[PDB]
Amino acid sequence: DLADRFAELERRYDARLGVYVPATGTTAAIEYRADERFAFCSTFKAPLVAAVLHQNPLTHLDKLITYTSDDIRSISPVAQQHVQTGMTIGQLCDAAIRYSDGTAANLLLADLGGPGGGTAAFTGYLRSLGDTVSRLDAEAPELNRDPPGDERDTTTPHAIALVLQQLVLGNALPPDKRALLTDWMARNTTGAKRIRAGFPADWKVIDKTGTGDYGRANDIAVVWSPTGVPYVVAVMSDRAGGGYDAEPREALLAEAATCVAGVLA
């Protein structure tokens, strides 16, 4: 039994696990703690890039953004390397998705603009997709730090799966912008040990990870079977019992995804 397997994983990793896979043609929704709140961590960067793409002509990708030493406030593998030159909006989107670059995401939030350094507009974009649950309140590094149970900077597996479904499979974005987001997620460098590890090699996986304090580890993905049938997979986890410095456990997400893959095969 699937719920029993997920509960076993929670005990193994001293964790809270949330899983959602939306219903399809012939599969029922898979849900486990799917309506409980979990921190977004970096998973918000997928709809953030969608928001920025949607808001602007495609050639806004070519606009150069400059930034300074005091803008590097978080893990930023790309933005740290390019600080002496600036980065284009396209480069920022690439870094935000594929390297989970914190500075890149903060700069994209500022590009979206408005109150809260762009967080209010980001949340408004989610509202436009029918998501009345999620909320973004802070940028990096603060957004990964809210205490367990706090609702700031949270989504739910259910909510973010429905958002990702509209972005990648549905018509939230025009096809050209949809393809840009899809390709960046396809080329992600940070997800090999999460949902990807749970699906056989002949399934296509695109994803966006997130990792935070209190042992937070998330992954959101779109997967395609060897015959081209797509599923959206959201897996979220935290380890409040280990406190602020609890280690995130990717293996929990790999095992959860393996259980999901077993059902979808």
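Basically, rigid core = biggest C-alpha set you can superpose within 1.5 Å across the two forms. When you see a residue number, it is the position in the sequence shown, counting from 1.
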Taking the root mean square of C-alpha distances over all structures and residues in 4 other deposited structures of this protein, with a rigid core superposition, name the larger of 76-84 and 161-169. 76-84
Mean C-alpha B factor from the entry: is it higher for 20-28 or for 242-250? 20-28
Residue range whose averaged C-alpha B-factor is higher in the record, 135-143 or 81-89: 81-89
In the PDB entry, which of 39, 64, 221, 50 has its C-alpha at the highest B-factor? 64
Highest recorded C-alpha temperature factor, please, choosing from 157, 191, 115, 102. 115
Split into thirds by Cα B-factor across the chain's modelled residues, where does residue 234 land: lowest, middle or highest? lowest
Quick check for you: using the entry's CA B-factors within this chain, is residue 209 in the lowest, middle or highest third? lowest
Against its chain's modelled residues, does residue 43's Cα B factor rank lowest, middle or highest third? lowest
Could you tell me which third, lowest, middle or highest, the C-alpha B-factor of residue 106 occupies within its chain? lowest
Third assignment of residue 181 from its chain's C-alpha B-factors: middle
